[PDB]
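A.B. asks: Chains as they are written, first to last, in the deposited numbering: chain J, 2 to 207; chain F, 2 to 263; chain K, 2 to 65; chain H, 1 to 50; chain M, 3 to 23, 32 to 153.
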Amino acid sequence: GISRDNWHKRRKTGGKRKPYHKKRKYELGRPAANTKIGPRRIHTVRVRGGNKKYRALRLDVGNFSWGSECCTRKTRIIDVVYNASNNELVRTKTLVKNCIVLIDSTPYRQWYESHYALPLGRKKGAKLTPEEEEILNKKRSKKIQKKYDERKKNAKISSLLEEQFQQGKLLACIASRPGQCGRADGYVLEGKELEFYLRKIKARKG
Amino acid sequence: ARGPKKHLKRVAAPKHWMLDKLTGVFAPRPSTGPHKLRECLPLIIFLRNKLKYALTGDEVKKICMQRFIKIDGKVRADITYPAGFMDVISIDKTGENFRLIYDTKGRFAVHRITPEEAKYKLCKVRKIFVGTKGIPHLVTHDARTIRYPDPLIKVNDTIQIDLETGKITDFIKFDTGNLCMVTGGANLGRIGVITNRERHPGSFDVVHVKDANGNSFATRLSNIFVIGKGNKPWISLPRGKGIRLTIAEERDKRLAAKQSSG
Amino acid sequence: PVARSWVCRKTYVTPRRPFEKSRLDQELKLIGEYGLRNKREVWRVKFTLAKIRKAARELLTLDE
Amino acid sequence: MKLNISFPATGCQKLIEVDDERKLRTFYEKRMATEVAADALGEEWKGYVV
Amino acid sequence: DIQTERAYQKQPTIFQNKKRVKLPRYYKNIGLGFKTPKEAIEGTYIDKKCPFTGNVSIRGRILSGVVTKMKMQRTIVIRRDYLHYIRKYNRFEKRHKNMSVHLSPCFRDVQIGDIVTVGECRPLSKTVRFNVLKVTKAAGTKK
RNA sequence: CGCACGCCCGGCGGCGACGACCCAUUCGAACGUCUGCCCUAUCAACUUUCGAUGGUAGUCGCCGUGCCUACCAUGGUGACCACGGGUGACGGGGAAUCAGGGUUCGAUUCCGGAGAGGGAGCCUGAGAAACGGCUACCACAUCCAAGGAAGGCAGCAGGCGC
RNA sequence: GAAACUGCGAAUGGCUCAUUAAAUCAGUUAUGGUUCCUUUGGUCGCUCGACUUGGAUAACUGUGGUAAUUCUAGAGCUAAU
């Protein structure tokens, strides 16, 4: 059907090839997955050798990684902002590999607070009134507190990250082919990558 | 071709089988196994053509379905099972044991061995490997995977394995000054002492071999088998002892034995 | 695809000039003296000799 | 329009031929696998649904 | 200077967001006695298809032509000359076969006429299968 | 699932058959590298904004790749014969003829390719774009209670036509 | 031990040369850029949380359709690697 072959298109010299055989199967080709954002929907494609290949047609969750301290959590994709290849893949917000998405910052914040015993986001004059957040931020023995005061030293977050946390949504880049593995796994944008992409989103936006 | 091929025509059959033309159209396409299609000896060929125990492929079928023939200490009820190099074929009811090692010419000789020698075989290691728990792995020339080997054995050595346990006893390192039988190319069956190895990064490394009588010949490294340390082979050899004398010498020896018979 | 030979070969060569008096006379003297049945049986022995002489020549040209 | 009429729990069945129009006039514009009362078919078929 | 294309250009193996308190570079010697040149180690360019600072393995053939054209993007046309031997007339005939070959920005200045050594790699584009591995400046070319 | 039936206080296990994610192996397959083909100039310029040659990121595929999307770059080939046209052209191992060179043939039993009336599309399976598989249309064509049913000899024989 | 369900094979073999002019094909190398039934050899108490479970279907039994085909609808009974 959808042919994936070299013999259908002109030689290096601009001379036409006359096809010496009809379409073979291994010269295969199938329609594009076109993965949207919605409730989990995955169809299975049986491929050469009797192996499987999962078509994610809708996805909500995704395994994203805060790379600077090896904090990976399953979060909830909310929307797409910028795609490098094509900008109709933004309009009809398709999930493809290496597209910029926004994710829920809540599992990263929860880990950050429970690891450093310091607040992240939570704007000045934050009423922490359930006060089991204050349990996670206070009430230790002696030597355990020494370990936690030792560690809070190197919890200096990049201001670019700290804004996104306080807004409540982080930028991430999809590192897995979602149309072939049925997964929207990626990494949270940081440093020079983040400054590059934040310029690109603002510039395009206007 | 829309899939794997199952018929092998008699003219396409490997030449070392010495199959006659006017018998049929086909030869026995060897069933998949440890050795390659091209370089094996199918059990029907060895049993019917070489030994002359059977006359037809149906007679060979009638033998091999009584569990008589044992290849490498396991019963093989497949008449086109590929029996290749170094393989040990023990028939119990007759009380006879054969090791398939090459004639001095490019074919398999029918070399009888003793009950005590038909208990092991030499395997050329093909690739060393680490498994899924830092467990080291060997792969041999006859498709055997041996795990937890000796930590010195490397990619071109020879190992002596036992045909009950399938475990490594002793091994011969691939060095200069070690006996090697040549198991591929023009020099097929030539025994000699390794003189040199010539390294070519990206290409096939050629290895110089010295025969007993000062005959020097090269072969690609792949087609060499270290069968002994020094001049001492760890197996028994056919009559000739892998020299491959010239055609003028073979004539002289033939008509010497002829005229002596008279 | 059958189990047959197809390996046949002519064992004689007809001479170029069909009516040379000296050649007719030569061949009849062989036919009569030895009681051959026809010319072919003489041309056959010419051809076998011609092959042997060719193989001798082709080895004699090779350096000793 | 013959009727292949089978009783399951009995496990017996019979071909019963029809040539009264009015009997069949109910069955029309139904779909397959719907229970329909045979009270109308004949007086031996009374309180029956097929 | 770099990152002209819409997607962010990085050597994808090296990680550049290690928390602290120069950028590192990934490269390799590509075997067969080729000196991984100085620009590979001390450049700041990004290339998928550089044999030194990229994901291509050199294996198979090692051929050599003369640089003919340098008018396409990180690619050049070399011209390979040989003598084909006709059998009937016991003489040769001068033939040629020019191939599109991938030039890394590693080799900073090559001039049309320079001698190139090329290593076979996987197919890089429609017609590109070879990589420039060392350049030998054409006869003289000092001034 | 099948044969052998066992070894102590209701205790107590060997040969095989079948099956299985992964690994190597065997059989391959697939897409690439370098060099190689007949006649033709009454075929000298050809290819490209609907892929032509490259770059980046995707899509798809068993995988590498303009294979195909989007945005960029102006490239690729050519008197060393490109582009186009012709073949009573499937390629090769080989065959006939020969002093030495050579010329002509190779549908034809071995290897490789392509096709099953002409194109196209697919199910099942490890492997098929299969035709002694299915689904359409084009050409032909069989059987009809006229509503419908069924086709594929360039398999072995055999019939018409040529 | 017929039938039927299941498993495997039917992609090989055979036939012809219409296509096809760097295409096919031949020698030479690459997969460090892939898939692989079958075979042979490894693996298969590596995991920390029932002395054998379930509801259908065929062959079979019976009731039928249209002129027709290797068309098959309906009912009752029963299996599994």
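The beta carbon of each residue, even a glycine, is placed where N, CA and C say it ideally should be.
What are the boundary residues of the beta strand (DSSP E) that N138(J) is part of?
C.D. replies: No beta strand (DSSP E) holds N138(J); the alpha helix (DSSP H) holding it covers 134-138.
A.B. asks: Using 10 angstroms around the beta-carbon of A84(F), count the other beta-carbons present and answer buried if the total reaches 16, otherwise exposed.
C.D. replies: buried
A.B. asks: I'd like the ranges of any alpha helix (DSSP H) spanning at least 4 consecutive residues and lying wholly in the segment 52-136 of chain F.
C.D. replies: 58-65
A.B. asks: Roughly how many angstroms lie between the CA atoms of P8(H) and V49(H), to the nearest whole one?
C.D. replies: Those two C-alpha atoms are separated by around 13 angstroms.
A.B. asks: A4(K) touches chain F at which residues, Cβ-Cβ below 7 angstroms?
C.D. replies: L23, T24, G25, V26
A.B. asks: For a contact meaning CB atoms closer than 8 angstroms, what does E70(J) contact in chain M?
C.D. replies: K21
A.B. asks: Ends of the alpha helix (DSSP H) at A173(J)?
C.D. replies: Here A173(J) belongs to no alpha helix (DSSP H); instead the beta strand (DSSP E) covers 170-175.
A.B. asks: Kindly list, in the order they appear in chain F, the residues whose Cβ is closer than 7 angstroms to that of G41(M).
C.D. replies: Against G41(M), the close residues of chain F are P202, in the order they occur along the chain (beta-carbon pairs closer than 7 angstroms).
A.B. asks: Does the beta-carbon of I136(J) have 16 or more other beta-carbons within 10 angstroms, so that it is buried, or is it exposed?
C.D. replies: exposed
A.B. asks: Taking only beta-carbon positions, decide if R139(M) is within less than 9 angstroms of chain F.
C.D. replies: no
A.B. asks: Alpha carbon to alpha carbon, how far is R77(J) from residue 216(J)? Give it in angstroms, no decimals.
C.D. replies: Lying outside 2 to 207, the shown extent of chain J, residue 216(J) is not represented and no answer is given.
A.B. asks: Can you confirm whether the segment 94-101 of chain F touches the segment 125-144 of chain F when touching is taken to mean that 3 or more C-beta pairs between the two stretches lie within less than 8 angstroms?
C.D. replies: no
A.B. asks: Apply the 10 Å Cβ neighbour rule to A258(F) and answer buried if 16 or more other Cβ atoms are within range, or exposed otherwise.
C.D. replies: exposed
A.B. asks: What are the partner residues of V194(F), as DSSP defines its beta bridges?
C.D. replies: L180(F), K211(F)
A.B. asks: Going by DSSP in three states, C182(J) sits in which element: helix, strand or coil?
C.D. replies: Helix at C182(J).
A.B. asks: Grab the span of the alpha helix (DSSP H) containing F17(M) for me, first residue to last.
C.D. replies: No alpha helix (DSSP H) holds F17(M); DSSP gives it neither H nor E.
A.B. asks: Can you tell me whether DSSP reads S6(H) as helix, strand or coil?
C.D. replies: strand
A.B. asks: Quick check on the DSSP output: what are the complete beta strand (DSSP E) runs of length 3 or more inside the segment 10-96 of chain J, in order along the chain?
C.D. replies: 42-48, 52-60, 62-67, 72-83
A.B. asks: Have a look at the DSSP bridge pairing and note the partners of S217(F).
C.D. replies: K211(F)
A.B. asks: Assuming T6(M) is part of the alpha helix (DSSP H), what are its boundary residues?
C.D. replies: Taken as a continuous stretch (DSSP letters only), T6(M) belongs to no alpha helix (DSSP H), as it is neither H nor E.
A.B. asks: Please report the distance separating the alpha-carbon of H22(J) from that of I3(J).
C.D. replies: 16 angstroms
A.B. asks: Closer than 8 angstroms is the cut-off here; do at least three beta carbon pairs connect the segment 60-79 of chain M with the segment 123-140 of chain M?
C.D. replies: Short answer: they touch.
A.B. asks: In terms of residues, what are the limits of the alpha helix (DSSP H) holding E44(H)?
C.D. replies: From DSSP, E44(H) is part of no alpha helix (DSSP H); its letter is neither H nor E.
A.B. asks: Just the C-alpha distance for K155(F) and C100(J), rounded to the nearest angstrom, thanks.
C.D. replies: Each residue's alpha carbon lies about 47 angstroms from the other.
A.B. asks: Who are the near neighbours of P150(F) in its chain, counting only those whose CB is closer than 7 angstroms to its CB and skipping five residues on each side?
C.D. replies: Taken in chain order, the residues that qualify are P137, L139, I169.
A.B. asks: Taking only beta-carbon positions, decide if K10(F) is within less than 9 angstroms of chain K.
C.D. replies: Yes, contact with chain K.
A.B. asks: Would you kindly report the start and end of the unbroken beta strand (DSSP E) that includes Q260(F)?
C.D. replies: If you look at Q260(F), you'll find it isn't in any beta strand (DSSP E); it sits in the alpha helix (DSSP H) that goes 248-262.
A.B. asks: Could you spell out where the beta strand (DSSP E) holding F102(M) opens and where it closes?
C.D. replies: 102-112
A.B. asks: Does DSSP put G192(J) in a helix, in a strand, or in coil?
C.D. replies: helix
A.B. asks: Name the chain J residues whose beta carbon is nearer than 7 angstroms to that of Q121(M)?
C.D. replies: Those within 7 angstroms of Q121(M) in chain J number zero; the least Cβ separation is about 25 angstroms.
A.B. asks: Output the boundary residues of the alpha helix (DSSP H) element that contains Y149(J).
C.D. replies: Element bounds for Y149(J): 143-152.
A.B. asks: What are the boundary residues of the beta strand (DSSP E) that includes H94(M)?
C.D. replies: 85-95
A.B. asks: Taking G215(F) as the reference, which of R221(F), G203(F), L246(F) has the closest Cα?
C.D. replies: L246(F)
A.B. asks: So, are the CB atoms of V82(J) and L171(J) less than 9 angstroms apart?
C.D. replies: Not in contact: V82(J) and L171(J) (Cβ atoms no closer than 9 angstroms).
A.B. asks: In its own chain, which residues sit with a C-beta less than 6 angstroms from the C-beta of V102(J), not counting the 5 before and 5 after it?
C.D. replies: Cβ within range, chain order: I78, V81, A173.
A.B. asks: Determine which residues share a DSSP beta bridge with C12(H) and list them.
C.D. replies: Note: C12(H) sits in a beta bridge opposite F7(H).
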